[PDB]
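Visitor: Got a structure here, written out as structure tokens. Questions coming.
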Amino acid sequence: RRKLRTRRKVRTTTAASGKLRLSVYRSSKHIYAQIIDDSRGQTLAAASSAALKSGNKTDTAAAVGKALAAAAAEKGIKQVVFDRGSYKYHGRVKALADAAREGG
Amino acid sequence: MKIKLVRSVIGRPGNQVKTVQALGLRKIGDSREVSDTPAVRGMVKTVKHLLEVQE
Amino acid sequence: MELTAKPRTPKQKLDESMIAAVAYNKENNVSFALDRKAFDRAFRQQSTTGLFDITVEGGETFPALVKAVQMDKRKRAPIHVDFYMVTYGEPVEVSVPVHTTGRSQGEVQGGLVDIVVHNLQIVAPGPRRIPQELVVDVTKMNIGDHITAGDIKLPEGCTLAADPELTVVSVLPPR
Amino acid sequence: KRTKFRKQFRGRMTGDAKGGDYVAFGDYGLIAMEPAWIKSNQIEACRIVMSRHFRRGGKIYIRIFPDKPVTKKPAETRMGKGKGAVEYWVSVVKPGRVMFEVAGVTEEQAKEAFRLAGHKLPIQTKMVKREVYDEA
RNA sequence: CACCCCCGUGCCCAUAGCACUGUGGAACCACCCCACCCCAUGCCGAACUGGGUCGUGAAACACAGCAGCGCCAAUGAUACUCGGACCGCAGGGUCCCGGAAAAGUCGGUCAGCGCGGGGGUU
RNA sequence: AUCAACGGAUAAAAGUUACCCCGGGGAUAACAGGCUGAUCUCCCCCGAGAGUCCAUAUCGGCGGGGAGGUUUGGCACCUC
RNA sequence: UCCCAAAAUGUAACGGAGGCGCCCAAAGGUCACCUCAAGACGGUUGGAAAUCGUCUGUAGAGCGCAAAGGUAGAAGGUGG
RNA sequence: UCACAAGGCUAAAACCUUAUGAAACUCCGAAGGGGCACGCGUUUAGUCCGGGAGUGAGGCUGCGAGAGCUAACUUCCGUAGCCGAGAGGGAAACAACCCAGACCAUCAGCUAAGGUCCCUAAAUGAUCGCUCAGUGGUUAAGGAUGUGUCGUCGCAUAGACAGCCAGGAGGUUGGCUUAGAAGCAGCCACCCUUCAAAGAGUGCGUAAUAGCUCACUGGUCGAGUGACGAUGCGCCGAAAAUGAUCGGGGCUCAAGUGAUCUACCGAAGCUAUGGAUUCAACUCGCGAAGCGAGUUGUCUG
Ligand SMILES: CC(=O)[C@H]1O[C@@H](OC2=CCC(/C=C(\C)C(=O)N[C@@H]3[C@H](O)[C@@H](O)[C@H]4OCO[C@H]4[C@@H]3O)=CC2=O)[C@@H](O)[C@@H]1O
Ligand SMILES: [Mg+2]
Ligand SMILES: [Mg+2]
Ligand SMILES: [Mg+2]
Ligand SMILES: [Mg+2]
Ligand SMILES: [Mg+2]
Ligand SMILES: [Mg+2]
Ligand SMILES: [Mg+2]
Ligand SMILES: [Mg+2]
Ligand SMILES: [Mg+2]
Ligand SMILES: [Mg+2]
Ligand SMILES: [Mg+2]
Ligand SMILES: [Mg+2]
Ligand SMILES: [Mg+2]
Ligand SMILES: [Mg+2]
Ligand SMILES: [Mg+2]
Ligand SMILES: [Mg+2]
Ligand SMILES: [Mg+2]
Ligand SMILES: [Mg+2]
Ligand SMILES: [Mg+2]
Ligand SMILES: [Mg+2]
Ligand SMILES: [Mg+2]
Ligand SMILES: [Mg+2]
Ligand SMILES: [Mg+2]
Ligand SMILES: [Mg+2]
Ligand SMILES: [Mg+2]
Ligand SMILES: [Mg+2]
Ligand SMILES: [Mg+2]
Ligand SMILES: [Mg+2]
Ligand SMILES: [Mg+2]
Ligand SMILES: [Mg+2]
């Protein structure tokens, strides 16, 4: 049910790992990939898609994953830890990954 | 406040002794003055019944 | 009724025979103390739906129904009373003793007039026109008939907080 | 009387009686004065006593109940080797606590049936009538 | 966060919950559509998941109403009790002085504080 | 390594003594006394029935309160 | 292991219950995924209980064995 | 979670109202207790390293619990104090209890517990009371018009509780039951006639009758009475072995006991004076240390 999301949410040992949380919302056809210091209740990146995506749907992945990692490299935020929620990591969000996994 | 020792120490608990000691009274008849402050006046609550006290 | 004191130290009373006290208006709450004698008198006179007046030794009469009594379990006398200063139109959920009326036909064939609930938790008449008791005719009952909270009567403008099917006063068999 | 299944064994202590010091189930009610123990037979006693007096038959409420296992070692052994087998059962009646409620009889029947009841017990006792109204 | 509002996410771990209920659709969410392969079912696109709409506001989600339930909870008073003293053969009980609940009653409440985003105020 | 008598004496081991001996113990039992009073002994209260009828002339269930210190015991305090 | 144990650890008794001298090649490491006991209705063998279905459903289950503490964001159930 | 009092209700299990017990139950949960810190304010100890040990049988009361029989001068833990290793006063006598920790001297003073008629130091004290039982000076369930205090309830200037006066009635031997019960051996019921009043009635009785008294009613008399609790203090219940008694004498015209005040007696504790030792600081000399001396504070079962 919720279970999976809160499961990964805690296997992101909130702040104690030191690094930066990396959200997603690939459950709609509007996503939301985010960047959090989670300790400080703030968000530091933000690659939306609702202000015009491109035209693609799940090809959009690598793209907002390149836009995010771009806004990151700009901010200075140079290190990853990949949150999700109800997501398998395999296809769409996996693209977002690969092109964030080298995209910032 | 103003302290006097009238009841002895014998037959009485370890702490009540050690307070009569660490108050400075070493035998009955003994008299004294005390800094009207907490701790040291709460060292005269504890062993009250052994001291006749003034004000 | 009438008190005099309201501190935290009770040597002003007790031996001199007064009861520990509270009474809340709900915006006004006050601790105090009221002579035993009068309280016992009126409280058996008037009880848990009694309503009576509080002319504190200051000059400020008040309207008081009796709410909770708390007593010396051993000596079996009361030592404390919770009050409820009544308001105006809407009141509370009055507790009222079920009685029994008439020479019942249930006791002529070996049965017995048993009140399976000595007291009844109703709802609101208005805090000035309260039922003190209740009157449940029992005559029609034989042996084996109970009286549910539906069959219970009403005086008008009142509601029954109690489940309309649970057993109040029912006749029991002989032996 | 006795119970059905349990733990087996016990101990003891005192200090006043919890509840219920109030006159439910009946109009008239008899109330302990001493921190006794009470036994299966000690109460079955008053059962059969009052149940003599009321005839057919009243309505009788034994507000107490034996739950305590009390032991006695086998007679004549020096202590050790065990705790005593369960001799008898006990209701740990404390004071102000009310033991008997009856109604379905009059005032005289309460007075007397309670008198005869209380002449069977290790306790001084007082009988009375309702008004204990925290909860009926 | 400029005002509302929706999407993601946190501090807070029920005065923040549930049921009853009304608002809610292109503006986000959701259902929906199809799935030969990615990918998946101890069988089945139900779920994880790949293609993308209309359609529907129903369901789910969000908001608001709401004190029926849960939750929270006084003051007074009491139990018990530190330490002073005492009574009864004893089971146990009292007095002075402080600390002091539990449960119940008065009541209280449809939480409250953030960050970023999208989207509107002829 | 049931060296399980589980910090484990030898690799390796059971009885009996009324023929009995030494060293000690009232540190410990049988005797007595002692403290206790369950059991034992007796007395009191309540009365349910018995006594044709009538609890109490006598008798007294189920149960309660005590005494006494003569029983069998418990405890092991003076004396081994 | 649990009371006894007097709200810190500790504590005796020939006091009050019960358990161990193994088991596991997966029951471990990791990775991923699933959620429980029951009751109501309704259903071929059945029909107290089997299987399926739905509404309820924070633990009223499960953990190889003893119970206590613990646990549903898994320690529980299934695979690479 | 195991237990369990009544009642609902159904086919009882559940579950609702009412309701309670728990060392091995816990929605809740103190008082205390412990760790750390601080020393905000006192007091003296602590910790390490090295030499010498002894002890490893404990005992009693108070509060906590277990085994016992809410037995033991009982036993096994916990906890405080005491004796052990503790003299002194008190508790008649009495390791443990209440006061109190004895460095010597004194033919000096104040107090503690505990006391103050004589033994025996000190008020045969003062005022408000209680009990009359020698309680005091050893126990209980249970019983008592003992005697004081508070409170409930009822009754009567419309005649009361009691004294004496008269009816204490007809149905109706009510029915049941029975050898007969007809007020009265047991089982369901208490209805009428009149009345100044009178109830299938309450006891003694009879095998059953009958018969004698009251519930009420009226005359009188002249006023209080009657019951159900709370409570101070006394009574009964209260019987063992060599000689009686509270330590004794004796006390109630308190020397008993509840209250309030004040005076005195009382210890080896406190105080006066005089002196000694132990530690320490100060002063001095020989030569830092070190010794004796001196002064002060201190210490000594
Ligand atoms: C001379 C000694 O031995 C020494 O020991 C001490 O004394 C005693 C030792 C033992 C004893 C009794 C024993 C063993 C016994 O079992 N006795 C029973 C019973 O109880 C008794 O009553 C008799 O009745 C039926 O038959 C008897 C029956 O055998 C009695 C003594 O007094 C000491 O004073 C002496 O100097
Ligand atoms: Mg105390
Ligand atoms: Mg207090
Ligand atoms: Mg407080
Ligand atoms: Mg809402
Ligand atoms: Mg060994
Ligand atoms: Mg060997
Ligand atoms: Mg021979
Ligand atoms: Mg020979
Ligand atoms: Mg020899
Ligand atoms: Mg013998
Ligand atoms: Mg012997
Ligand atoms: Mg006997
Ligand atoms: Mg007879
Ligand atoms: Mg003997
Ligand atoms: Mg001995
Ligand atoms: Mg402790
Ligand atoms: Mg030990
Ligand atoms: Mg609550
Ligand atoms: Mg040894
Ligand atoms: Mg010991
Ligand atoms: Mg011993
Ligand atoms: Mg010795
Ligand atoms: Mg001495
Ligand atoms: Mg002495
Ligand atoms: Mg002497
Ligand atoms: Mg002694
Ligand atoms: Mg004095
Ligand atoms: Mg003299
Ligand atoms: Mg000197
Ligand atoms: Mg010496």
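Residue numbers (the working numbering), protein chains in the order written: chain A, 268 to 371; chain B, 22 to 76; chain C, 56 to 230; chain D, 1310 to 1445. Here a beta-carbon is modelled for each residue, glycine too, at the ideal position from N, C-alpha and C.
Using the Cα positions of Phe349 (chain A) and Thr279 (chain A), report the straight-line distance between them to the nearest angstrom.
Guide: So the alpha carbons of these two residues sit roughly 8 Å apart.
Visitor: Alpha carbon to alpha carbon, how far is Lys23 (chain B) from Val38 (chain B)? Give it in angstroms, no decimals.
Guide: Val38 (chain B) and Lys23 (chain B): Cα-Cα distance of roughly 19 Å.
Visitor: Are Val331 (chain A) and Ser316 (chain A) touching if we call contact CB-CB under 8 Å?
Guide: Result yes, Cβ atoms of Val331 (chain A) and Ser316 (chain A) sit closer than 8 Å.
Visitor: Starting from the beta carbon of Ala1422 (chain D), find every residue of chain C whose beta carbon is closer than 9 Å, and list them in chain order.
Guide: What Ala1422 (chain D) touches in chain C: nothing, since even the nearest Cβ is about 16 Å away.
Visitor: Looking only at C-alpha atoms, which of D:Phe1363, D:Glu1343, D:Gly1329 sits nearest to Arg230 (chain C)?
Guide: Cα-wise, what sits closest to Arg230 (chain C) is D:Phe1363.
Visitor: Let me check understanding here. Comparing Cα to Cα, which of B:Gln75, B:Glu73, B:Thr67, B:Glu76 lies closest to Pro34 (chain B)?
Guide: If we check each option's Cα against that of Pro34 (chain B), B:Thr67 comes out closest.
Visitor: Run the CB neighbour count on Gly1367 (chain D), radius 10 Å, all protein chains shown included, and call it buried at 16 or more, exposed below.
Guide: The residue in question, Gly1367 (chain D), is buried, as its Cβ has 16 or more Cβ neighbours within 10 Å.
Visitor: Indicate the three-state DSSP secondary structure (helix, strand or coil) for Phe1314 (chain D) in the structure shown.
Guide: Of the three classes helix, strand and coil, the one that applies to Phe1314 (chain D) here is coil, per DSSP.
Visitor: Find the nearest neighbour of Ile177 (chain C) within the set C:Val124, C:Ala93, C:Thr104, C:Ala123, judged by alpha-carbon distance.
Guide: The shortest Cα separation from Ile177 (chain C) among C:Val124, C:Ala93, C:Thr104, C:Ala123 belongs to C:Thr104.
Visitor: Determine whether the beta carbon atoms of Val347 (chain A) and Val291 (chain A) lie at a separation below 8 Å.
Guide: Their beta carbons are not under 8 Å apart, which means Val347 (chain A) does not touch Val291 (chain A) by this criterion.
Visitor: Let me know the alpha helix (DSSP H) ranges lying completely inside the region 286-348 of chain A, each 4 residues or longer, listed in chain order.
Guide: Listed in chain order, they are 327-342.
Visitor: Could you check whether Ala1419 (chain D) and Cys1355 (chain D) sit closer than 8 Å to each other, using their CB atoms as the reference points?
Guide: No, the pair does not count as a contact, with Cβ atoms beyond the cut-off.
Visitor: From the DSSP output, read off the bridge partner residues of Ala132 (chain C).
Guide: According to DSSP, which records beta bridges pairwise, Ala132 (chain C) is partnered with C:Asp127.
Visitor: Name the chain D residues whose beta carbon is nearer than 9 Å to that of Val172 (chain C)?
Guide: Under the 9 Å cutoff, chain D gives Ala1445.
Visitor: Just checking: is the beta-carbon of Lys68 (chain C) within a distance shorter than 8 Å of some beta-carbon in chain D?
Guide: No - not a single Cβ of chain D is within 8 Å of the one on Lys68 (chain C).
Visitor: Do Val191 (chain C) and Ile202 (chain C) have their CB atoms nearer than 8 Å?
Guide: Yes, the pair counts as a contact, with Cβ atoms nearer than the cut-off.
Visitor: At the 8 Å Cβ level, is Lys128 (chain C) part of the contact set with chain D, yes or no?
Guide: Yes, because at least one Cβ of chain D sits closer than 8 Å to the Cβ of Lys128 (chain C).
Visitor: Just verifying my parser: in three-state terms, what is the DSSP assignment at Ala119 (chain C)?
Guide: DSSP places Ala119 (chain C) in strand when its eight states are reduced to three.
Visitor: Got a sec: which bits of the region 181-192 of chain C sit with their beta carbon under 7 Å from any beta carbon on chain D, in order along the chain?
Guide: Flagged: no residues at all.
Visitor: Using beta-carbon positions only, say whether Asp108 (chain C) and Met73 (chain C) come within less than 8 Å of one another.
Guide: Result no, Cβ atoms of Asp108 (chain C) and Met73 (chain C) do not sit closer than 8 Å.
Visitor: Three or more C-beta pairs under 8 Å: does that hold for the region 119-139 of chain C against the region 166-180 of chain C?
Guide: Verdict: no, contact absent.
Visitor: Go ahead and pull the three-state DSSP assignment for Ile1357 (chain D).
Guide: The answer is helix: DSSP assigns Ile1357 (chain D) an H, G or I state.
Visitor: Please confirm if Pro1404 (chain D) has its CB atom under 8 Å from at least one CB of chain C.
Guide: Yes, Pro1404 (chain D) lies at the interface with chain C (some Cβ there is under 8 Å from its Cβ).
Visitor: Measure from the alpha carbon of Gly157 (chain C) to the alpha carbon of each residue in C:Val193, C:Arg184, C:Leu167, then state which is nearest.
Guide: That would be C:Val193, whose Cα lies nearest to the Cα of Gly157 (chain C).
Visitor: Per DSSP, what are the beta-bridge partners of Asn174 (chain C) in this structure?
Guide: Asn174 (chain C) is bridged to C:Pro152.
Visitor: State buried or exposed for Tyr143 (chain C), treating a residue as buried only when at least 16 other CB atoms are found within 10 Å of its CB.
Guide: Looking at its Cβ environment, which holds fewer than 16 other Cβ atoms inside 10 Å, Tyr143 (chain C) is exposed.
Visitor: Since I believe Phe1314 (chain D) is in contact with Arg1372 (chain D) (beta carbons under 8 Å), could you give me their beta-carbon distance rounded to a whole number of angstroms?
Guide: Contact flag wrong, Cβ pair sits at about 23 Å.
Visitor: Is it right to say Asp1325 (chain D) is buried, meaning 16 or more other beta carbons lie within 10 angstroms of its own, or is it exposed?
Guide: Exposed is the call here.
Visitor: By DSSP, does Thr203 (chain C) sit in helix, in strand, or in coil?
Guide: It is a strand residue.
Visitor: Reducing DSSP to helix, strand and coil, say where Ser52 (chain B) ends up.
Guide: In the structure shown, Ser52 (chain B) sits in a strand (DSSP, three-state: E or B).
Visitor: Kindly list the residues whose CB is nearer than 8 Å to the CB of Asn197 (chain C), restricted to its own chain and excluding five residues on each side of it in sequence; keep chain order.
Guide: So the list reads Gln160, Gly161, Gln164, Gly166, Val226, once near-sequence residues are dropped.
Visitor: Consult DSSP for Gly1338 (chain D) and reduce its assignment to one of helix, strand or coil.
Guide: Three-state result, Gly1338 (chain D): strand.
Visitor: On a Cα-Cα basis, can you pick out the residue from C:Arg129, C:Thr155, C:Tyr139 that is closest to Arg1406 (chain D)?
Guide: Of the listed residues, the one whose Cα sits closest to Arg1406 (chain D) is C:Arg129.
Visitor: If you run the structure through DSSP and keep just helix, strand and coil, what is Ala362 (chain A)?
Guide: The answer is helix: DSSP assigns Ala362 (chain A) an H, G or I state.
Visitor: State whether the region 1424-1440 of chain D contacts the region 1320-1334 of chain D, with contact taken as three or more CB pairs (one from each stretch) at a distance under 8 Å.
Guide: Yes, the region 1424-1440 of chain D is in contact with the region 1320-1334 of chain D.
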